[PDB]
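# part one of the complex, left exactly where it sits:
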Amino acid sequence: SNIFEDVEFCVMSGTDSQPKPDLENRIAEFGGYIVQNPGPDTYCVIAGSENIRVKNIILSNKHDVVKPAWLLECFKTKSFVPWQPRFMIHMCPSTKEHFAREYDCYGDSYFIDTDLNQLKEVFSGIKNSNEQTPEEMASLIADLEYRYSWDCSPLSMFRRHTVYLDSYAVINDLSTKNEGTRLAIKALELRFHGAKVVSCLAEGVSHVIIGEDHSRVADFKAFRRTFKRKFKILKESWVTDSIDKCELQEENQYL
C-alpha cells in the first residue's frame, strides 16, 4: 500500500497512547518520507500535544498543524482522507482562504450535509455567548417555533402563555408567600414544561391557576373585567389532566 507516496510529514508529539517512534515506524512502513524538522517541503506537522515547539510553529503561519487522528484515519481506511477542521488547529493564510469558501467560521460546512456527531463537534467549538436577556431569548424561541412549526413538541407549549398563581394570601404582595403547598409543585412543573411563571399580576397575564380556595375568585373576575385584555380562569386540575396527554386541553371544561 503506497497511499503515502512521495509525501513529507513531521511529527513532534510523543505524549500519546502510541509512542512517537511508533508513529515514525508506521509512516515509514506506509511509504511517507518522514522528516525530523519542518521545512519548505513538509506537507504538514503532526502534533497531538501543544508543546513549546508546536507553539513556535503556531507563531509562524508558514506551516499547518494536524492532529494525530488524521494519520490514524488514513491508516484505517488506507486512503488519503482530506483535511477537515476537526483535525487541524492552525492554518497558513492560503489554507485559511481555501477553507473559508467551503466551510464556516465553525466546523459546519455549506456543501455537505451534517450529522449528529458533526453538529456536536461544531457546538463544542463555540466558547460561550451570554449577550442576551430572558425576554429576547424567549421572543426568539417563540419566533423560531412559530416559523419552523415545532409547537407540537412535548415541551415548550406553555411558552406563549404567562401564568399567575394564588400563592399569596393577598394579591400583588410578595411578603405573604404560601410556600408549603401543592401549588408550589404545580407552578414548578408548569415552568419546567416551558410556562412563563410571573410573580407580578401585570396586564399581560393571560393564565391564572386557582386551587381549592375559591374565596378570591370575585377579585380575579373584577381584575379581569377591569383589564383591557381578559385572562381565562383556570383550575389546578386542568394542567394535571393535560400533562399526561402532552397537549393543551380545552379550557371550556375547566374555566
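Arrived safely. Numbers count the residues shown, from 1 in each chain, chains lettered A, B, ... in the order given.

# show me where the stretch 151-255 of chain A has helices.
Secondary structure of the stretch 151-255 of chain A (DSSP state H, counting those that start in this stretch): helices at A:182-192, A:217-226, A:236-243.

# residue A:161: which of those is closest?
With C-beta to C-beta as the measure, helix A:182-192 is the member of these nearest residue A:161 (9.3 Å). Using the backbone N, CA and C atoms, a C-beta is placed for each residue, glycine as well.

# and the closest one, what's buried?
Within helix A:182-192, the residues that count as buried by 16 or more other C-beta atoms under 10 Å are A:183, A:186-187, A:190.

# can you check stretch A:112-130 too?
A:118, A:121-122.

# residues in contact with that stretch: which ones?
Outside stretch A:112-130, the residues within contact range by C-beta atoms under 8 Å, 6 or more residues apart in numbering are A:85-86, A:106-108.

# from those residues, which is closest to residue A:235?
Nearest member of the contacts of stretch A:112-130 to residue A:235, counting by C-beta to C-beta, is residue A:108, at 47.0 Å.

# does the residue lying closest to that closest one once chain neighbours are set aside lie in a helix or a strand, and which?
Leaving out its chain neighbours, the residue that sits closest to residue A:108 by C-beta to C-beta, 6 or more residues apart in numbering is residue A:122, at 4.7 Å. Element membership for residue A:122, per DSSP states H and E: helix A:116-125.

# restricting to C-alpha, output that helix in CSV.
This file holds the C-alpha atoms of helix A:116-125, laid out as CSV (Å, rounded to 0.1, in the frame of the first residue of the first chain):
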residue,chain,number,x,y,z
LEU,A,116,-25.2,14.3,15.0
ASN,A,117,-21.5,13.9,15.7
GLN,A,118,-20.6,16.8,13.3
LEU,A,119,-23.1,19.1,15.0
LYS,A,120,-21.9,18.1,18.5
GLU,A,121,-18.3,18.8,17.5
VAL,A,122,-19.3,22.2,16.0
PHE,A,123,-21.2,23.1,19.1
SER,A,124,-18.2,22.1,21.3
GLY,A,125,-16.2,24.5,19.1
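
# buried ones in the next helix or strand after that helix?
Toward the C-terminus, helix A:116-125 is succeeded by helix A:134-148 as the next helix or strand (DSSP H and E). Neighbour counts using 16+ other C-beta under 10 Å place residue A:145 of helix A:134-148 among the buried residues.

# one more, chain B:
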Amino acid sequence: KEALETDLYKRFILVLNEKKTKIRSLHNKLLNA
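Just below you will find chain B, in place on the chains above:
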C-alpha cells in the same frame, strides 16, 4: 429531560440540511449559468 437534547438536535439538523440544500442549489445554478 434525558430526551430533550435529542429532540432539539433532530430539529436543528433538519433545518440545517434544508437550508444547506437551498445554498447548494443557489451555488450550483449560478456556477452552471
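
# so, the buried residues of helix A:182-192 revisited with chain B in the model?
Neighbour counts using 16 or more other C-beta atoms under 10 Å in any protein chain shown place A:183, A:186-187, A:190 of helix A:182-192 among the buried residues.

# now render those residues as a markdown table, adding distance to chain B.
A markdown table is the format used below for the buried residues of helix A:182-192 (distance: C-beta to the nearest C-beta, whole Å):
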| residue | distance to chain B |
| --- | --- |
| A:183 | 23 |
| A:186 | 18 |
| A:187 | 18 |
| A:190 | 15 |
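
# let me know the closest of these to residue A:143.
Ranked by distance to residue A:143 (C-beta to C-beta), the buried residues of helix A:182-192 are led by residue A:190 at 21.9 Å.

# how many other residues sit next to residue 2?
Answering for chain A, as no chain was given. Here the number of neighbours of residue A:2 (other C-beta atoms under 10 Å in any protein chain shown) works out to 8.

# not what I meant, chain B
Residues lying near residue B:2 (other C-beta under 10 Å) number 5.

# assumed it was part of a strand.
No: Residue B:2: not assigned to a strand; according to DSSP: H, G, I helix; E, B strand; the rest coil it is coil.

# next, the contact list for the nearest residue to residue A:186 once chain neighbours are set aside, please.
Nearest non-adjacent residue to residue A:186, counting by C-beta to C-beta, 6 or more residues apart in numbering or on different chains: residue A:236, 5.3 Å away. Residue A:236 makes contact with A:182-183, A:186, A:209-211 under the criterion C-beta atoms under 8 Å, 6 or more residues apart in numbering or on different chains.

# these: which two are farthest apart?
Greatest spacing in those, by C-beta to C-beta: A:182 and A:210 (12.6 Å).

# quick one: residues contacting the closest residue to residue A:92 other than its chain neighbours.
Of all residues not flanking residue A:92 in the chain, residue A:61 sits nearest, at 5.1 Å (C-beta to C-beta, 6+ apart). Contact analysis of residue A:61 by C-beta under 8 Å, 6+ apart lists A:90, A:92-93.

# out of those residues, which end up buried?
If we count by 16+ other C-beta under 10 Å, those have these buried: residue A:90.

# what is the burial count for residue A:156?
20.

# wait, doesn't it sit right on residue A:145?
Yes: using C-beta atoms under 8 Å, residue A:156 is in contact with residue A:145, at 6.3 Å.

# tack on chain C:
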Amino acid sequence: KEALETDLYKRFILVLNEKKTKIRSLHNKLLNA
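Let me add chain C to what's already shown:
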C-alpha cells in the same frame, strides 16, 4: 433543564445566522454581478 435548553438554542441561532449571512451574500451579490 432551562440552562441546557437555552444554551443549545443560542448556540444554534449563532450558526443559523452565520449561514443566513452567507446565503444572503451569495443570492444578492453573486446574482447582481
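
# so, the buried residues of helix A:182-192 revisited with chain C in the model?
Buried residues in helix A:182-192, counted by 16+ other C-beta under 10 Å: A:183, A:186-187, A:190.

# does stretch A:125-140 come close to chain C?
Yes: with C-beta under 8 Å from any C-beta of the partner chain as the measure, stretch A:125-140 is seen reaching chain C through A:126, A:129, A:132, A:137, A:140.

# distance across that stretch, terminal residue to terminal residue?
Stretch A:125-140 stretches 23 Å from its first residue to its last (C-alpha to C-alpha, to the nearest Å).

# so how far is that stretch from its chain's centroid?
With C-alpha atoms, centre = their mean, to the nearest Å as the basis, stretch A:125-140 stands 11 Å off its chain's centre.

# do it and chain B meet at all?
No: Stretch A:125-140 lies out of reach of chain B by C-beta under 8 Å from any C-beta, never closer than 13.4 Å.

# hmm, back to that, which among the residues of stretch A:125-140 next to chain C gets closest to residue A:178?
Taking C-beta to C-beta as the measure, residue A:178 lies nearest residue A:137 of these, at 29.7 Å.

# can you count the residues close to residue 31?
With no chain named, the answer covers chain A. If you count neighbours by other C-beta under 10 Å, residue A:31 ends up with 13.

# sorry, I should have been clearer: chain B.
Neighbours of residue B:31 under the rule other C-beta under 10 Å: 8.

# so how far is chain C from residue A:8?
Residue A:8 sits 35 Å away from chain C, going by C-beta to the nearest C-beta, to the nearest Å.

# quick check: end-to-end length of stretch A:170-177?
9 Å.

# what does chain B have sitting close to chain C?
Residues of chain B lying near chain C (C-beta under 8 Å from any C-beta): B:1, B:4-5, B:8-9, B:12, B:15-16, B:19-20, B:22-23, B:26-27, B:30.

# which of those residues ranks first by neighbour count?
Most neighbours among those, by other C-beta under 10 Å: residue B:12, with 22 neighbours.

# in this structure that one contacts residue C:10, no?
No: assessed by C-beta under 8 Å, residue B:12 is found out of contact with residue C:10, at 11.9 Å.

# wait, which of the buried residues of helix A:182-192 is closest to residue A:151?
Set against residue A:151, the nearest of the buried residues of helix A:182-192 by C-beta to C-beta is residue A:190 (16.8 Å).
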